[PDB]
Amino acid sequence: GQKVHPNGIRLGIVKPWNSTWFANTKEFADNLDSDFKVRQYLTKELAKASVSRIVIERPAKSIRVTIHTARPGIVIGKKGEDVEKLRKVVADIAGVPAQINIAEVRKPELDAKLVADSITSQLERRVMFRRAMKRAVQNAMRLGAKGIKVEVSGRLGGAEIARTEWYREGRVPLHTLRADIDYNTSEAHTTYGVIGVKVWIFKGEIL
Amino acid sequence: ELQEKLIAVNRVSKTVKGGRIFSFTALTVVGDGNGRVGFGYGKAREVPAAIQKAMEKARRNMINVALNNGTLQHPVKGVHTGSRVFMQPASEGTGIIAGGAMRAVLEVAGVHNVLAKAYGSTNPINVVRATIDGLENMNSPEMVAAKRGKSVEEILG
Amino acid sequence: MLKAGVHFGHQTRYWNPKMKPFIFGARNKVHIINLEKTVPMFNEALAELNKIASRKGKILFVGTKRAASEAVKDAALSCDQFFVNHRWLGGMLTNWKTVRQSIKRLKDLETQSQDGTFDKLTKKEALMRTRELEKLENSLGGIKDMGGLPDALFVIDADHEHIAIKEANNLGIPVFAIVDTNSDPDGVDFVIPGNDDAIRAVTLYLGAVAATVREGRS
RNA sequence: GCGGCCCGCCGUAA
RNA sequence: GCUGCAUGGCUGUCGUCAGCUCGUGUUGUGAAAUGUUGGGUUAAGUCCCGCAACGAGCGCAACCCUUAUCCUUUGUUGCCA
RNA sequence: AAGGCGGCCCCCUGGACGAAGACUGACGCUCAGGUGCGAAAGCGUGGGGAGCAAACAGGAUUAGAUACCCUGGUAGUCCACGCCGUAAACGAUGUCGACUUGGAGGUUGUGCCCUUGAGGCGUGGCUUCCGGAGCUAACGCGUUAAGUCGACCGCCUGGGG
RNA sequence: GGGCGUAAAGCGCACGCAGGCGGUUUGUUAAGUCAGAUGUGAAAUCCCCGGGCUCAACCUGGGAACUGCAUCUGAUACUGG
């Protein structure tokens with residue numbers, strides 16, 4: 001255990017929060033619990049789509065939720081019926097009335113969460129891990145990025161000690177605070193336990 | 001158009017302060033099936049990288065030999081560090097009867113009938129030199145006639 | 001020819017035995033170069049260089065020795081040709097692919113240079129950029145505006161520049177070196193015996209080559 | 001220029 | 001409930017020590033080497049010069065927080081020449 | 001020839017080398033079995049005995065110390081005459097003959113040129129150190145080969161036992 | 001169709017009998033060597049060209065092979081006298 005969490009260390013410099021609201025000591029825990037419940041429900045329900053990031057903001061007597069995704073048509077449906085079912089359930093979870101929004105992901109090969117869970121999904125169908133890693137890295141480099149690093153850990157088929165591999169090219173400086181690094185993880189349950197996946201993407205240094 | 005062959009792959013180690021780090025090597029041969037052949041040798045941390053790295057090195061390194069209807073008229077022998085090789089022409093109908101890497105070299109080169117044999121040590125890397133061992137030190141009758149200042153017909157008789 | 005403006009070998013104890021065919025009798029403790037068999041070889045080399053220049057072959061000049069530096073830099077840049085003046089980098093030819101990046105960096109730096117301090121007044125960065133450009137220019141000043149892989153090389157000292165000759169032999173490019181008594185003909189060369197440290201001698205060598213090349217274009 | 005200071009059970013990463 | 005010697009995740013330690021590698025090119029039959037070695041410096045593979053090497057990457061340094069000096073803005077529940 | 005040989009003087013005695021000239025006319029090379037010479041230690045008989053010193057005796061050091069260190073000390077080391085026949089007796093490289101690019105020395109002869117001077121040209125023998133082609137598994141050897149060849153002899157055949 | 005500097009392997013060094021090996025011409029001999037011819041080298045077996053059992057194992061016709069030995073004639077470059 002040696003590396004500081006890349007996202008957390010930059011929360012006040014070049015990175016925003018995901019939940020933004022003000023409260024006092026009385027309702028802090030309740031607000032946190034409600035946000036946890038709604039995020040968990042949304043993640044469970046919208047697994048089939050490509051969900052990347054949930055941002056929760058509390059207006060005065062209200063809750064506002066925005067979802068970032070790469071295939072918005074599936075989430076929003078033929079008409080607004082499915083978003084309305086989601087809004088009903090969310091407003092049930094948290095007492096205040098709720099409103100929903102949809103964001104658009106332009107380049108799904110960035111936004112490390114999508115790359116990570118894509119690799120996990122591939123691993124779930126018994127495909128060689130090395131091909132998946134090389135494919136993802138080549139795609140990300142082709143689409144334009146100054147660097148990328150991926151790694152996988154766990155029982156990769158062999159009963160011997162769980163192994164670890166990683167590839168990297170470009171530039172991924174982790175000790176400079178100005179750098180804009182996107183980082184996320186995932187894990188896949190197989191017949192031989194779980195496998196961990198981590199992704200670093202260096203979009204570009206920010207002045 | 002070129003034919004490529006893979007001969008041998010093996011794992012190779014090296015010791016440092018923290019433990020051991022491994023690597024792989026590949027040995028490949030490339031020929032045109034007509035009298036031009038070359039080989040290459042590459043190293044990398046992964047098998048595919050070494051495989052692909054040997055190929056273009058072989059491509060840049062080629063020589064030409066002078067055969068005749070699928071062989072030439074020399075019982076020839078060549079040597080390297082610890083290997084001896086013997087090759088002689090075969091009449092017809094026969095194949096490329098030969099033990100190891102000589103098989104691949106003679107197959108890609110363009111020979112169809114030969115009676116090779118290997119002595120001494122037999123590790124693939126030094127016996128592959130069978131190219132330089134004797135294949136390019138072979139004399140056609142016309143070049144012999146040119147050297148001796150005579151004509152081919154009465155050189156043969 | 002007749003002026004005998006070229007001196008001869010170093011000493012009888014620093015000599016390559018392979019130079020026996022070109023050697024003359026030695027009298028004052030030093031070897032004497034036979035001039036009777038240097039004129040025809042020189043003329044043949046001149047004719048070949050003329051026919052190559054008529055083919056716009058992008059001839060190359062080398063010879064960093066602190067004495068022929070300005071001489072080769074003036075003989076070059078005269079007609080159309082390029083030169084190497086300092087510190088032949090090992091692998092300019094076999095590893096030209098990597099040297100192209102250094103050339104490109106030099107080009108970008110010189111384009112920025114004409115308005116350099118205007119971009120930013122942080123004098124540390126401007127000064128270090130100027131120093132970097134100065135360091136970079138001398139090693140590739142003569143070769144910056146070249147397509148790559150010339151078709152001929154002219155070498156003043158043979159043994160002193162063996163790396164360039166090895167690279168040329170590996171690539172397969174004819175060479176036109178000048179061989180003294182303490183060197184040896186190894187590469188595919190148009191061997192030209194003669195002294196290689198006398199200023200008059202080297203000037204005489206380069207003048208004929210420059211005239212021949214400048215005529216060859218027309 | 002010179003004072004002394006011994007040992008480490010059996011097998012065992014791919 | 002058993003197996004941290006089937007695992008993910010999360011920590012300790014050498015150690016805030018200055019090191020650890022790659023692409024292309026050369027040398028060797030090969031394991032490998034070169035670069036990273038040499039002179040002078042620095043807290044530092046920090047920098048100049050030299051040199052079959054020429055360039056990159058993770059490290060070092062800088063970008064972050066606080067403390068020490070001044071200047072504008074605002075002046076309560078804080079201050080009084 | 002190898003083992004080996006160092007103060008100075010005399011007597012007996014072996015080999016090598018150089019210059020010039022004469023003479024004999026293949027009279028040569030290698031060599032199983034055979035014969036001779038072989039450091040140091042050791043053995044026999046008779047002498048000699050300063051220094052050093054196995055064995056041995058004390059004093060220390062040490063967990064112990066039949067050792068390294070200190071004080072003594074016999075055989076032996078020396079001479080004459082006989083035995084022994086082994087050494088990392090090593091260049092770890094059998095003896096003869098021929099051929100193949102170069103540098104820097106040492107030692108001992110001799111010819112010529114002004115022999116002026118510690119001069120310049122050569123031509124023999126024996127020896128050290130680098131290094132080219134070539135050879136070698138590599139280290140390395142390299143005209144005094146471990147290079148290219150010829151004649152004869154001696155040895156080797158997995159490790160222990 | 002292998003080796004002996006360091007992997008196993010040059011006697012500690014010499015002299016030397018028996019053996020093995022001989023610089024250059026000329027002249028004779030025909031022992032070695034070479035070329036012919038004849039006589040021998042059983043049959044069966046192997047091989048080649050054939051034939052017959054419905055084909056094949058099997059049987060059979062003819063030819064090459066039997067690398068040798070002896071004798072006679074001839075050649076004279078090389079080795080021997």
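Proteins come first, then strands; the chains are lettered A, B, ... in the order of their sequence lines, and each starts at number 1.
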Handout entry: Distance in Å, B/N126 CG paired with B/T81 OG1, rounded so as to fall on 0.5 Å steps
Key = 3.0 Å

Completion exercise
When rounded to whole Å, the NZ to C1' distance for the pair A/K3 and E/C10 reads 13 Å

Fill in the blank from the handout: Atom OH of A/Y192 and atom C1' of E/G8 are separated, to the nearest Å, by 18 Å

Practice task
Find the partner of F/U123: check Watson-Crick (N1-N3 plus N6-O4 or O6-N4) and G-U wobble (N1-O2, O6-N3) distances, both under 3.5 Å, and reply none if neither fits.
Solution key: F/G109

Problem - Spacing between C/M19 atom CE and F/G103 atom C1', to the nearest angstrom - result: 17 Å

Problem - Student check: side-chain heavy atoms of A/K113 and A/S186 closer than 4.5 Å - result: yes

Exercise for the section: Between C/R13 and C/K29, name the one whose nearest nucleotide on RNA chain F is closer to the 5' end. Expected result: C/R13

Handout entry: CD1-NZ distance between A/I201 and A/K146, expressed to the nearest 0.5 angstrom
Key = 13.0 Å

Exercise for the section: Choose from E/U7, D/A14, E/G23 the nucleotide whose nearest atom is closest to any side-chain atom of A/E160. Expected result: D/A14

Practice task
Using a 4.0 Å heavy-atom cut-off across all strands, classify A/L174 as base, sugar-phosphate, or nothing.
Solution key: sugar-phosphate

Completion exercise
When both distances are under 3.5 Å in a Watson-Crick or G-U wobble arrangement, the nucleotide paired with D/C9 is none

Practice task
Write down the distance separating the P atoms in G/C72 and G/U79, rounded off to the nearest Å.
Solution key: 28 Å

Problem - Pair C/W88-C/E167, side-chain donor/acceptor within less than 3.5 Å - result: yes

Practice task
Treat primed atoms plus P, OP1 and OP2 as sugar-phosphate and everything else as base, then score nucleotides 49-57 of chain E 5' to 3': B for base contact with protein heavy atoms under 4.0 Å, S for sugar-phosphate contact only, - for none.
Solution key: S-BBSBS-S

Completion exercise
Regarding F/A145, purine or pyrimidine glycosidic angle vs 90° from 0 gives syn

Practice task
Name the closest nucleotide to the A/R178 side chain, picking from E/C63, F/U101, E/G23.
Solution key: E/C63

Problem - Atom-to-atom span, NZ of B/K57 to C1' of E/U27 - whole angstrom - result: 13 Å

Practice task
Could you please name the partner base of G/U76, counting Watson-Crick and G-U wobble pairs only when both distances are under 3.5 Å?
Solution key: none

Exercise for the section: List in chain and number order the residues that pass side-chain contact (heavy atoms from CB on, under 4.5 Å) with B/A101, two or more places apart in sequence or in another chain; answer none if no residue qualifies. Expected result: B/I7, B/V127, B/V128

Handout entry: Heavy-atom side-chain proximity of C/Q11 to C/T181 below 4.5 angstrom
Key = no

Practice task
Look at B/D133 together with B/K77 and state whether they make a salt bridge at an N to O cut-off of under 4.0 Å.
Solution key: no

Practice task
Please state how far atom NE2 in A/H175 lies from atom P in E/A44, giving the value in whole angstrom units.
Solution key: 20 Å

Problem - Distance below 4.0 Å between A/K198 side-chain N/O and E/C10 OP1 or OP2 - result: yes

Completion exercise
Assign each of B/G82 and C/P17 the nucleotide of RNA chain F bearing its closest heavy atom; nearer the 5' end lies the nucleotide of C/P17

Practice task
Classify the glycosidic conformation of E/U16 as syn or anti, calling it syn when the angle lies within 90° of 0.
Solution key: syn

Practice task
Establish, for the pair B/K117 and B/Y119, whether the NZ or CZ atom is under 6.0 angstrom from the six-membered ring centre and no further than 45 degrees off its axis.
Solution key: yes

Exercise for the section: Report which part of the nucleic acid A/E205 touches: base, sugar-phosphate, or nothing (heavy-atom distance under 4.0 Å, all strands). Expected result: nothing

Practice task
Identify which nucleotide among E/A62, E/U24, E/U21 has an atom closest to any side-chain atom of C/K97, counting heavy atoms from C-beta outward.
Solution key: E/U24

If you look only at distance, which donor and acceptor atoms sit under 3.5 Å apart when one is on a side chain in residues 129-137 of chain C and the other is two or more places apart or in another chain?
residue, atom, partner, partner atom, Å
C/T130, OG1, C/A126, O, 3.2
C/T130, OG1, C/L127, O, 2.5

Exercise for the section: Return the nucleotide paired to F/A67: Watson-Crick means purine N1 to pyrimidine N3 with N6-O4 or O6-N4, wobble means G-U with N1-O2 and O6-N3, both under 3.5 Å. Expected result: none

Exercise for the section: Give the nucleotide from the list E/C60, E/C63, E/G8 with an atom nearest to the side chain of A/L177. Expected result: E/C63

For residues 38-52 of chain B, tabulate all N or O donor-acceptor pairs below 3.5 Å that involve a side-chain atom, not counting sequence neighbours.
residue, atom, partner, partner atom, Å
B/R45, NE, B/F22, O, 3.4

Handout entry: Complementary nucleotide of F/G159, counting Watson-Crick and G-U pairs under 3.5 Å
Key = none

Exercise for the section: Tell which nucleotide pairs with D/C2, taking only Watson-Crick or G-U wobble pairs whose two distances are both under 3.5 angstrom. Expected result: none

Practice task
Report, as a single string ordered 5' to 3', how protein heavy atoms within less than 4.0 Å touch nucleotides 28-41 of chain E: B base, S sugar-phosphate only, - not at all.
Solution key: -BSSBS--------

Fill in the blank from the handout: Side-chain contact check for C/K166: nearest option of E/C60, E/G9, E/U27 is E/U27

Exercise for the section: May I ask you to check whether over 12 heavy atoms, not counting those of A/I9, lie within 6.0 Å of atom CD1? Expected result: no

Problem - Pair A/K149 + A/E151, salt bridge at N-O below 4.0 Å - result: no

Problem - Anti or syn - F/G147, cut at 90° from 0 - result: anti

Practice task
For F/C17 versus F/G109, give the span between their P atoms, rounded off to a whole number of Å.
Solution key: 16 Å

Practice task
Apply the side-chain hydrogen bond (donor to acceptor under 3.5 Å, both in side chains) test between C/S183 and each candidate in C/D196, C/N16, C/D159; give the one that qualifies.
Solution key: C/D159

Problem - Interatomic distance, A/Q2 CD vs E/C17 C1' [rounded to whole Å] - result: 14 Å

Problem - Listed nucleotide nearest any side-chain atom of A/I13, set E/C64, E/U26, E/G59 - result: E/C64

Problem - Gap between atoms NZ and P, on C/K18 and F/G103 respectively (whole Å) - result: 16 Å

Practice task
Using whole Å, report how far NZ of B/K17 lies from P of E/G19.
Solution key: 9 Å

Exercise for the section: Using a 4.0 Å heavy-atom cut-off across all strands, classify A/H189 as base, sugar-phosphate, or nothing. Expected result: nothing

Problem - Over-ring placement of A/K198 relative to A/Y183, 6.0 Å and 45° cut-offs - result: no

Practice task
Could you tell me whether A/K149 contacts a base, only the sugar-phosphate backbone, or nothing, with contacts defined as non-hydrogen atoms closer than 4.0 Å?
Solution key: nothing

Practice task
Output the single nucleotide from D/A14, E/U24, E/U21 whose closest atom is nearest the side chain of B/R45.
Solution key: E/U21

Fill in the blank from the handout: Base orientation of E/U24, chi within 90° of 0 counted as syn, else anti, reads anti

Handout entry: Phosphate OP1/OP2 of F/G102: any C/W15 side-chain N/O under 4.0 Å
Key = no

Below 3.5 Å is the cut-off: list the nitrogen or oxygen pairs between protein and nucleotides 139-143 of chain F, distance only.
none

Problem - Syn/anti label of F/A118 as read from its glycosidic torsion, with the cut at 90° from 0 - result: syn

